[PDB]
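Colleague: In the first instance, please consider these chains from the complex; the rest will follow:
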Amino acid sequence: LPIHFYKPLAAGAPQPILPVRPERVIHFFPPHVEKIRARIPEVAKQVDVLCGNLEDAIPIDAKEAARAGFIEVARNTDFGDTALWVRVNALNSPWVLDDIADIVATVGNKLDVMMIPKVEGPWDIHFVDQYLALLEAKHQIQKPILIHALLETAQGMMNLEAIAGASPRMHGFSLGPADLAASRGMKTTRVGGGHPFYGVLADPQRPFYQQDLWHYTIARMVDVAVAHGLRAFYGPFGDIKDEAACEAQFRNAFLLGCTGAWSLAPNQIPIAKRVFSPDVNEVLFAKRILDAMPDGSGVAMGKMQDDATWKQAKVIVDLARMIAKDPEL
Amino acid sequence: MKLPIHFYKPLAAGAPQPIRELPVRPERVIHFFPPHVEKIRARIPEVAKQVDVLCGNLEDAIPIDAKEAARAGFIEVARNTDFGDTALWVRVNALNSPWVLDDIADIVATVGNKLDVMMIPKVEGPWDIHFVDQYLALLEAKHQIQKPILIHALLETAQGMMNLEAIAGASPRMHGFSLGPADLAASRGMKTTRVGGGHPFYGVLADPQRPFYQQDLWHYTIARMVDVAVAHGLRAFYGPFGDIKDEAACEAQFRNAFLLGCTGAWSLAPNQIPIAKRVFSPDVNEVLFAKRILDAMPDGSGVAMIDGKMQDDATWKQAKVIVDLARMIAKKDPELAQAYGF
Amino acid sequence: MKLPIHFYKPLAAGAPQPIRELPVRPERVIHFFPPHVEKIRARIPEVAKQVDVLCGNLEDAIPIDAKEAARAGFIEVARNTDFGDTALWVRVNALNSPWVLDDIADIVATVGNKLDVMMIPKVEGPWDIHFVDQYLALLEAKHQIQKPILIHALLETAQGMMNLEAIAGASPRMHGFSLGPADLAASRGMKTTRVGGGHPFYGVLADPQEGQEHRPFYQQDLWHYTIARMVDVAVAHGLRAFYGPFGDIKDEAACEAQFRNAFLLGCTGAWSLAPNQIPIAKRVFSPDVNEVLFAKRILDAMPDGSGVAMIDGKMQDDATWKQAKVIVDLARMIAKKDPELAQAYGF
Amino acid sequence: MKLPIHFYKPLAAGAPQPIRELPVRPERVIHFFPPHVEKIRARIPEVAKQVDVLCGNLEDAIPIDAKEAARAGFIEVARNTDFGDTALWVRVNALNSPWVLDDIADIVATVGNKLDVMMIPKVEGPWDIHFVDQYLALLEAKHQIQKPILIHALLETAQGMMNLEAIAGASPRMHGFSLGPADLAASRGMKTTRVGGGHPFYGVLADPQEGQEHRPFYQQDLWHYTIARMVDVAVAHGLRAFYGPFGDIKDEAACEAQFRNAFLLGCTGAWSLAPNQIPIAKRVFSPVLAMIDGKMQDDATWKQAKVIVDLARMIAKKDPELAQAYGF
């Protein structure tokens, strides 16, 4: 219910809440690697969000090293305006209890968002919320840590509305294309990409028009997230070299209404920040509409505008302005 | 949410019996018009005969300074005109606005007996339907309105998309849904200012052999709307196509909607009327397979098979609807007269 | 909607224990046949070995005066034949129809111990499953059937699509779903030029190019939503999603392309309406070699299936291991009657 | 569950249209009879006159080797007897039993157009209703039954009590509910000293008072929760709630107490197991209950006023003292 929904889960925990900042790129780093950890302060200034990875691609015998590594660099660095995230290990894993506990105790006040792998339903959120609450109380954390659900299974997608509404800590969703495709039996040629042979064959009179595999999944993620006041994110794109397909894929997500994407390499940072910023062409035709009608009321014009298009324009202009603090247009 | 035994009761003493089935009539085009401007007011009796459905507009595209005028406007023209077979609809202001109380009050008081459907903008959930249902019921009772004013839901918000089943099932007054892709794009945060066509940057990039195949922004949205609506015996509609000039694009979008299963589209100017009518006219193969259902089952009883497909009371009742709707279109189009065969 | 503790109980005294897991077997092709035609019935034992699943048809395209022949035909062929590895299905008549009572009761009374799945047309909600589930259970106890007859639901109405979660979870007899695109298209205001396929006029038109006259028109797929929705619900319930039939029996390319779109989204298999379609299905819905090879690495890294491991960066546990055993056991069973794949899967 | 647009459609082609409103008639007593016994079958034409409802029993108290005889017995009396205004009901065997498929099939075939209500034992949830609903429809169509046979749910398990709202709204065939006291008690693990009874040791002990050592023990009603929940759920769905059996045949006083309690809480009637219980039920469950007496009146309370008036006249059309007393 609404009455106890906003009440704290544990006594001494901070009052429940979305904070407004740009989240165009979520940059992942391996905490166990000294070379990457050494340059975190310099790299943090080049990204909107910086996310520590304890999960996929961190070896079993390096879980404790990655965990401790994350804790060292988040304690010692001033991250300025860069949001600090962490992806902990899965809720069925041998590392998750230690992950969450240690990170809250040492750097809880520094952590904005916690990414939970493979969220299957509201019960997963209920556990993380209550656990974080008790740990926040224990270590006197002033600002509650938000929860970001990674969608990696069919059950999760089916349970998306329940997951979205399970806690006031919810921040958003990221698509986990590798695992989600594997779960569904969905076949793709690149992580976070489509497939060349998914398309319609024209009637013999032959051409083959390729279709997007992720349309339903993204459209669904965006409706559920936005209806709850959360943010949807495209996850990673796995083919680091194919920069044109990355931009194509990221751009599709931006237009359907995602806020950002993951970067898994330095070359993906500029693509993401570029793509999830509004195109200056559209900001002009947008500012044209805001100028045509001073307020929401009215009609304009060879395309019909109104209060609705004014709202469409306000979205694109409210975003392009938040980012520039740069384009500056 | 309501139990069947109560669902079909009138919400006010004296208010008209809630309907069981949707009234069957032409709705291939819904022609919007600003009622505050006298030039268009004067042509309404002309335009009325051109269109299946006429719909006055009090909400978006009507400035704050002329809302009152759009209200009076709508009543003036509705009083004076006999609309014949053309349906009279109205789009009132939002349920949070200062104009909606009087919008609904004065219209039922003056022209309720002529108003066929009321269109509610920015519906978030079933509570919205509930209020309007109950408010209409009480107003219909006061002014002794003879048949229930139906509710048409504008699908303009993320919350509405999420709550689409609850909305569809909230009232027997429910007629159907119209996609409002301008508002729905602002609500979702879809990054376009365009009002519901393709978009150049939404597409798939092929593998190195680089071709770029545009995709349809609204496949999920319309597919979802058709399923929910049709499951509840309601009608989905595509809404506005804001690029008035680009008739090539408008036909394609109207045709997409038609093939997914919508019943009709909006027209925002005279050039879109004939396009909407062309696209949304029933499939000839549809109409002729229905006639066969009807002729093979004398009084809709028993069971008969046609092209290897068993037919029954459900398929017969859907046959009589499509045939009925065909005849009604043929009455004001000669091409479709012999096409369906009337 | 039933409680877990009651879900797996038999609905009749003497009915066999319901399953907690779909049997794993090849289901790449569901080959249909009219059991009334005596020439097809003669060739069934030969056709058996060429297909993963043989499904008798009593419903669409079996005439009213043929219904009782098809019912007896199917009972006759099933009693005479030993299907070996081939699964025996049957699409009975609709739940409003005059034949369905006798269809189910006669088939279970006679050959119930040989039927693996029963296909129910035009399933509109959990109530339809509840009827069939309870009916089968009482027939199964009377005739002492040894393993449960599963229910396969045919998606033919808007109502069904909207109630798909409720259908999927209605019973432990649930096997999965097939799309009936002719009916589902009719039910929705959907326009299709062929039963299996979409429409050429469903497409996106480009913005005006200053240069050329011809604005490009990119055809779109009508069935994307439907199939993506069908796969998510089915897989989330532990069931399988199947594409239905493709009508243009001539058009083998279109048949390959639509079968393939379904496979790439996660469907297990397709219907074959004609002998040319049989090999088109088996080719497309064969498990991918990479998935099979990868699954073998999981099984190797976790011998007894316990503990936890990490392969290609990814944690492996009792769920991934169990899932990897399913595809390996399925690849084995396919390689058993297909030496070309035995080499590819590396057995 | 099902949507209002589809709720009232037939479930088989040729099956009679679902009712939108429950039929009004006296249901003060539902008199059970074992149809395998020849003596009782003889007396049914007489007994039909003395009861509002006659219910043949195929389930409890009918032995395993008498099931076929009971199934045939009930059919014999069904097609012979002219029931007049007396409604005819049957309690088939449970849905998990080896007799229920033939119970329903044979009865609908032979005497289906004389059956008003079918009583289903041990209704656990809406799935049980879905099965019976769909099965009756297919049998109704095959045999061209002219009006729908209604479903009356026996509540005999805790699950059924928990699923009560979902059961109630499962089908427009739904008529209402009866208490299966013995079986509901045994499912819950309640302890009663008689079927349909209660327990003298369920009570509230007073505090010690003054100097009087004897602390009074106030007995409590065990069924108050059950019947209150059953009535609220039944009446909200437009159905009727009945008290089940009262197994202590000889204690006519206690029988009256229990039936009266049900009636005061809103139940329509009760079962009679023997002929001494017939008059107890009819006595106890017999009652006439704009702006008059401070309350507004409308379409809703006019319909309910007409239901009680019609019931009174039909009650009166056979009962002359009550015809004289009600003023008809």
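Modeller: Good, I have the coordinates. Numbers count the residues shown, from 1 in each chain, chains lettered A, B, ... in the order given.
Colleague: Is it correct that residue A:105 is in contact with residue A:136?
Modeller: No. Residue A:105 sits out of contact with residue A:136 when judged by Cβ atoms under 8 Å, with a separation of 10.2 Å. Quick note: C-beta positions are derived from backbone N, CA and C, even for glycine.
Colleague: Okay, helices next: where are they in the stretch 51-200 of chain A?
Modeller: Using DSSP state H, counting those that start in this stretch, the helices found in the stretch 51-200 of chain A span residues A:63-76, A:96-107, A:122-138, A:154-158, A:160-164, A:177-184.
Colleague: Export these as a markdown table, with columns for mean neighbour count and distance to residue A:216.
Modeller: Below are these laid out as a markdown table (neighbours: other Cβ atoms under 10 Å in any protein chain shown; distance: least, Cβ to Cβ, whole Å):
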| stretch | mean neighbour count | distance to residue A:216 |
| --- | --- | --- |
| helix A:63-76 | 18 | 35 |
| helix A:96-107 | 19 | 30 |
| helix A:122-138 | 19 | 22 |
| helix A:154-158 | 23 | 9 |
| helix A:160-164 | 21 | 12 |
| helix A:177-184 | 23 | 11 |
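Colleague: Tell me the residues of chain A that contact chain C?
Modeller: Within chain A, the positions near chain C by Cβ under 8 Å from any Cβ of the partner chain are A:55-57, A:59-60, A:89-90, A:92-94, A:153-155, A:157-159, A:178-179, A:183-187, A:195, A:197-203, A:206-209, A:211, A:213, A:215-217.
Colleague: ok, of these, which come out buried?
Modeller: With burial judged by 16 or more other Cβ atoms under 10 Å in any protein chain shown, the buried subset of these is A:55-56, A:89-90, A:93, A:153-155, A:157-159, A:178-179, A:183-187, A:195, A:198-201, A:203, A:209, A:211, A:213, A:215-217.
Colleague: picking up where we left off before, output the helices of the stretch 51-200 of chain A as a markdown table; include the columns distance to chain B.
Modeller: Putting those into a markdown table (distance: least, Cβ to the nearest Cβ, whole Å) gives the following:
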| stretch | distance to chain B |
| --- | --- |
| helix A:63-76 | 30 |
| helix A:96-107 | 30 |
| helix A:122-138 | 16 |
| helix A:154-158 | 13 |
| helix A:160-164 | 7 |
| helix A:177-184 | 15 |
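Colleague: ok, and the residue nearest to the spatial centre of chain A, which helix or strand is that part of?
Modeller: Nearest to the mean C-alpha position of chain A, by Cα atoms, centre = their mean, lies residue A:233 at 3.8 Å. Taking DSSP states H and E as the definition, residue A:233 sits inside strand A:231-233.
Colleague: ok, now chain E:
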Amino acid sequence: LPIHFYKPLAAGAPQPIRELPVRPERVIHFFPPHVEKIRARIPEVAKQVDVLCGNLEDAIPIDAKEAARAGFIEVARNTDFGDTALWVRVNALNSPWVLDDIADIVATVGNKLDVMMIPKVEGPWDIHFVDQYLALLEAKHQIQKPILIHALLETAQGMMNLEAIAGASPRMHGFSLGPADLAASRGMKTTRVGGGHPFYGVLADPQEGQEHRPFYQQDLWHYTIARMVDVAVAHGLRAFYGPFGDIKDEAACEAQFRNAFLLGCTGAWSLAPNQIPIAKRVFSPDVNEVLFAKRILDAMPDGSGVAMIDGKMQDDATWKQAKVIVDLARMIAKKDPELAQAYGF
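Modeller: Okay, chain E now, added to the rest:
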């Protein structure tokens, strides 16, 4: 929906309140506003009751609806209710008087009305209508504090949908039992409005010697009141016993009210002057109980552990039981000098 629950449902109307106001609500005194003699003495009566509630619905004849409407507006406009809350029971949602009842009252005296009681509520849809309608009116007439909603439970359907009704809006205040209408809706038989029946009871088993079987009467309203309390309290709302119709049987009235109080109801209605003092006495904590509870709070300053007090043993939980009783006692004592004395403040 929790983010959209606490939004204003109209632009101009005030922010939906985060929690209920904290005043005593032991008696809800009803008055027919169409009667001049009654309106004249409302300022005097108001000083003796926690809540005063105008009635436009039942007991008001059809001829008097306009007069009762106008009479309520005139009383509320001219009177200063002080610490007394002002309610009104408007007519039913299916009736020809309700549109005007709500509209006229909000326009004229919206800033003086604390709670609007809605008759015959059957589901959350009823609540949706009123919330939205009040929101629009409040905006139009710039009403500073939002008018709360109070649901009368007078139907089986209402009892069945109780959870949905309670969660339907943040305006929700609580529930009152409408036991006459609820008995009729249910088919109950009561001998009095909102009262038990003499013949609802248990017959003891046959004895050996006395041969008169004792007959232990039972409470018709247990299930109902227990369900209302649980649902209301679980949503942060208050439950109220409705009207006790038998004005002259003050013993029965007291007993019925007290039963409600024990099971967790906050107050009951008053229909006549004799019921005012009964409701205030019955819905005020007992003196001894308050004192027995007073020293528990002393025995455990922390509210933690065990502690012997007189002969009894208390723990964290009985401390909570105690804090409730004492918190209420201290609130009533602010405006009753006599109870303040006896409670020991």
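Colleague: that older thread, check contacts around the residue nearest to the centre of chain A.
Modeller: Counting by Cβ atoms under 8 Å, 6 or more residues apart in numbering or on different chains, residue A:233 touches A:23, A:26, A:172-175, A:258-262.
Colleague: In the residues you listed, find the pair that's most separated.
Modeller: Among the contacts of residue A:233, the pair separated by the greatest distance (Cβ to Cβ) is A:23 and A:175, at 14.8 Å.
Colleague: what are the pairing partners of the strand holding residue A:233, and which direction each?
Modeller: strand A:170-175 (parallel) (DSSP bridges).
Colleague: mind listing what's buried in the partner strand?
Modeller: Judged by neighbour count using 16+ other Cβ under 10 Å, the buried positions of strand A:170-175 are A:170-175.
Colleague: which residues does the residue in the stretch 51-200 of chain A that chain C sits nearest to contact?
Modeller: Going by Cβ to the nearest Cβ, chain C is nearest to residue A:185 of the stretch 51-200 of chain A, at 3.4 Å. Contacts for residue A:185 (Cβ under 8 Å, 6+ apart) come out as C:231, C:235, C:265-268.
Colleague: do the same with residue A:126
Modeller: Residue A:126 makes contacts with A:166-167, as judged by Cβ under 8 Å, 6+ apart.
Colleague: how close does it sit to chain D?
Modeller: Relative to chain D, residue A:126 is positioned 23 Å away (Cβ to the nearest Cβ, to the nearest Å).
Colleague: repeat for residue A:70
Modeller: The spacing between residue A:70 and chain D, counted by Cβ to the nearest Cβ, is 48 Å.
Colleague: My guess is that residue contacts residue A:100. True?
Modeller: No. The criterion here is Cβ under 8 Å, and residue A:70 misses it with residue A:100 at 11.9 Å.
Colleague: Can you pull the residues that touch both of these two?
Modeller: Common contact partners of residue A:70 and residue A:100 (Cβ under 8 Å, 6+ apart): none.
Colleague: what sits against whichever residue of the stretch 201-329 of chain A sits closest to chain E?
Modeller: In the stretch 201-329 of chain A, the residue that lies nearest chain E is residue A:229 (4.9 Å; Cβ to the nearest Cβ). By Cβ under 8 Å, 6+ apart, the residues touching residue A:229 are A:18, E:3.
Colleague: on that earlier part again, ok, now how distant is the residue nearest to the centre of chain A from chain C?
Modeller: Noted for residue A:233: a distance of 19 Å to chain C, by Cβ to the nearest Cβ.
Colleague: Just give the closest residue to that residue, not the sequence neighbours.
Modeller: Counting by Cβ to Cβ, 6 or more residues apart in numbering or on different chains, residue A:174 is the residue found nearest to residue A:233 once chain neighbours are left out, at 4.5 Å.
Colleague: Kindly incorporate the sequence below as chain F:
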Amino acid sequence: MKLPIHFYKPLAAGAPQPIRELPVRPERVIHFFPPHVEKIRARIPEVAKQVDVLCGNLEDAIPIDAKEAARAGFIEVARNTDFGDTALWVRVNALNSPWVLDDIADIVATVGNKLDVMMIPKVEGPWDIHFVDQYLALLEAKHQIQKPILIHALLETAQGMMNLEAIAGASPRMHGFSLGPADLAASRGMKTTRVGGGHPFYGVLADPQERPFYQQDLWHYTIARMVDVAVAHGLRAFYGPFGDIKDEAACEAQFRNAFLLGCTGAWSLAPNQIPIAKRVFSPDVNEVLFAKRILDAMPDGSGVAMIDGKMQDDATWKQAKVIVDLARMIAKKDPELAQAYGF
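Modeller: Same chains as before, plus chain F:
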């Protein structure tokens, strides 16, 4: 809210397989003890033999400053004791409390293999259960716990009463519910300080006789609702504490009410309550005898038989087994009942 296909899966790799059926054992009396009191701690090996269930208590009645001693105390006496046929329970602190994280981790780490049931207080909804389920599993995998630790939900809050079905269905760890009358009275705002008996001024006043007041049962609705939700989920309902230790006549009456409405057993707060709970909640003899008959009429437990006009089947056979088994295990330590049941 979880599907049956996922419901019986462990929530952590290494965690024991969830159960599909409650263990059957005597649970007529839940004896509570404060584990921080050495004098009581020292007697537990003897008291253990006198009771069906022993439940350590870390929550209400344990002072704030004794909470850590109470935890350590529970661990000490559980480590060093062979509880034989007696079940070991613990009531940990509330989920919004500074002691509960460590309560659970430490108990599971040290004595998790001896712990049968973990009682959770002040349960408000399924989310509480979800948290405990997932927490226990991660600890169970970490410490290689062989059998799943079950969850007992204390019914003490108005929210818990309203959310009873969701709580009951939330996990295959669910054991059952105990009515916590003091906390439930405070939560509801019931106007009593008594802990779970009658109240003299809750009653029905009769009409003038040619004026008797019949006291009513405060807890009819609450127990009736608890029994229905729990039995439908294959769980067990229990009456909680009866606080008036002196008044044994009232305690027996309140326990018997619970028993007559379908509760399995009650809490004992003092040694005089132990025999009372044991006496009241022992299976009635006609229930055991009728159960014996069901097993004899169907030696296999298969097919369909009939007894006293009532069809018997695979489900009723399953129930008769439970009762007989339970009566057999009670006889094992009580010669008097052994006779009455026929062993």
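Colleague: With chain F now part of the structure, what is the answer for the contacts of residue A:126?
Modeller: Residue A:126 sits next to A:166-167, F:126-128, F:130-131 when contact means Cβ under 8 Å, 6+ apart.
Colleague: for residue A:158, same thing?
Modeller: Residue A:158 makes contact with C:165, C:232-233, C:236, according to Cβ under 8 Å, 6+ apart.
Colleague: one more time with 6 Å
Modeller: Residues in contact with residue A:158 (Cβ atoms under 6 Å, 6 or more residues apart in numbering or on different chains) are C:232, C:236.
Colleague: and residue A:61, how many neighbours?
Modeller: 9 (other Cβ atoms under 10 Å in any protein chain shown).
Colleague: who's in contact with the closest residue to residue A:88 other than its chain neighbours?
Modeller: Nearest non-adjacent residue to residue A:88, counting by Cβ to Cβ, 6+ apart: residue A:99, 3.9 Å away. Contacts for residue A:99 were tallied using Cβ under 6 Å, 6+ apart; they are A:54, A:67, A:88-89.
Colleague: at 8 Å what do you get?
Modeller: A:54, A:67, A:86, A:88-89.
Colleague: With residue A:262 instead?
Modeller: Residue A:262 sits next to A:25-28, A:51, A:174, A:233-237, A:268, A:272 when contact means Cβ under 8 Å, 6+ apart.
Colleague: Repeat that for residue A:210.
Modeller: By Cβ under 8 Å, 6+ apart, the contact set of residue A:210 is A:194, A:196, A:198-199, B:204, B:206, B:213.
Colleague: can you give me the offset of stretch A:165-176 from its chain's centre?
Modeller: In terms of Cα atoms, centre = their mean, to the nearest Å, the centre of stretch A:165-176 is found 9 Å from the chain centre.
Colleague: now the end-to-end length of stretch A:256-272.
Modeller: Taking Cα to Cα, to the nearest Å, the first and last residues of stretch A:256-272 lie 15 Å apart.
Colleague: Stretch A:111-119 too?
Modeller: 20 Å.
Colleague: Next one: it, is it in contact with chain F?
Modeller: No. Using Cβ under 8 Å from any Cβ, stretch A:111-119 stays clear of chain F, with a minimum separation of 11.5 Å.
Colleague: Same check on stretch A:16-25?
Modeller: No. Judged by Cβ under 8 Å from any Cβ, stretch A:16-25 and chain F are separated, with a smallest distance of 13.4 Å.
Colleague: Buried by neighbour count: which residues of that stretch qualify?
Modeller: Counting neighbours by 16+ other Cβ under 10 Å, one finds that the buried residues in stretch A:16-25 are A:16, A:22-25.
Colleague: Which positions are bridged to the closest residue to residue A:248 other than its chain neighbours in the beta structure?
Modeller: Closest residue in space to residue A:248, ignoring its immediate chain neighbours: residue B:205 at 3.9 Å, by Cβ to Cβ, 6+ apart. Beta bridges link residue B:205 to residue B:212, judged by DSSP bridges.
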